[PDB]
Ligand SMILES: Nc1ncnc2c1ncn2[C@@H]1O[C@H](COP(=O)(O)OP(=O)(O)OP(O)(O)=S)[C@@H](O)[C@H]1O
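The form solved without the ligand is given below as one chain in structure tokens.
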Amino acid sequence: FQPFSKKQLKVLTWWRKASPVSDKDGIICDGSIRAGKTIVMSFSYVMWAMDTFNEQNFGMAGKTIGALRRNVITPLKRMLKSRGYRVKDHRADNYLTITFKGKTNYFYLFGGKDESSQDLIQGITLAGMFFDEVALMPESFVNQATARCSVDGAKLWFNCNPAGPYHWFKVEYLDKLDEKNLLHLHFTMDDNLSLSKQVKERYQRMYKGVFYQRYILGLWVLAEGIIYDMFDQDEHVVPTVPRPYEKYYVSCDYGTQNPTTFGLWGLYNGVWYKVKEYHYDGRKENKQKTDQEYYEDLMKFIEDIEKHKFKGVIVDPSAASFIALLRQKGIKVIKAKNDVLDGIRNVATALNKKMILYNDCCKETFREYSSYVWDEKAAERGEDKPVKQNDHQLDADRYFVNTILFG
């Protein structure tokens, strides 16, 4: 059947006249991943909007519009259409026209990426606003978007996973629930009735440490100390011996004034192996290399592998000139998105499931693993980010894991 839990049904009904909490100005759902909160939240938003207004404008925001469409709008579309709603997607325009029982409203899509994101939601007048991944958004974009919700009866809807305790959304919204007159429902995987006791426990084994506390337990816990505290040389390091690899990639972090790194990654029996590393530090050497010199080193680095098994070079986005040279030379290139927090989370998960393993010649990588830490002072201000020192192999690994194994 795939039935809804008690907590999911509250998301669907809170706003109705029969509900005790219908006068609340909005809702916040936070907590764990895979909790079946995102799709009910979005469905309930459209349902509430279509039932309460006609010919109004409504907002929907993600970290980017692309992500919003992937995470919410596409599954929301399919689900809306199956229960008698109709949808038109004005692609470039970035809004939807939704129709139900002779009523029509307009749903505008936004991205809340940076301090300029606030400038794109100044004109429009709104009867509601929905934020997916609000803990990934700037406070300024959310202050504006909420200020554009001027129509009488307007409600605010927030969906997120936890960040740190000092994060603005925890401090200004979740700790001020009665002040803002919002409802709050906290989800864990127990609220998702379609997951067995086995599958829930499998998801539990994908996370340890801070990311386990946030994405499984749903706790707003501070990031502190070693980032990859699940990395373990008893489990993640293997001998440097030949294996019959079926597929290869190279991942690259670029530096002229910082080190440049290559990692050769090789697939064997379901696991991607870091076969070796290249580590050129121009500062230590007292000699900087050019794009051409690094191209030459990269050709040496991949000499002894069959060209039909090499699937390309994953490159740090800022190395645009280097990418042009590689394409000019016939080398396939994939630009890494460089989504930092999601990449770090995904590297951690790759280690926990042993999706990756390292040859013991990757000695520079291992030195970075032992030193790569969270920015302590930033975390205590609400900003989760690494201290960007001795992370040149680790950034390349992240590009590889995040581009090929996730995404």
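Think of the rigid core as the biggest set of C-alphas that the two forms share within 1.5 Å after superposition. Start at 1 with the first residue shown and count on from there.
The next section is about a form of this same protein that is not shown, the form deposited with the ligand bound.
Though the ligand is absent from this view, in the deposited complex it lies within 4.5 Å of a heavy atom of just one residue from 105, 192, 118, 146, which is 192. 35 is the sole member of 379, 50, 67, 35 with a non-hydrogen atom within 4.5 Å of the ligand in the deposited complex. When contacts are judged by a 4.5 Å heavy atom cut-off, residue 402 does not count as touching the ligand in the deposited complex. By the criterion of a heavy atom within 4.5 Å, residue 39 is counted among the residues contacting the ligand in the deposited complex. Using a 4.5 angstroms limit between non-hydrogen atoms, residue 406 is distant from the ligand in the deposited complex. Just one listed stretch, out of 218-226, 298-306, 134-142, 193-201, contacts the ligand in the deposited complex at the 4.5 Å heavy atom level, and that stretch is 193-201. Although the ligand is omitted here, in the deposited complex none of 249, 251 and 346 has a heavy atom within 4.5 Å of it. When the two forms are overlaid on the rigid core, CA displacement between the shown form and the other one of 2 Å or more is confined, within 206, 120, 217, 185, to 120. In the deposited complex, the CA atoms of residue 114 and residue 57 come closer by at least 3 angstroms compared with the shown structure.
Legend note: Cα of residue 117 to Cα of residue 108 is at least 3 Å closer in the deposited complex than in the depicted form.
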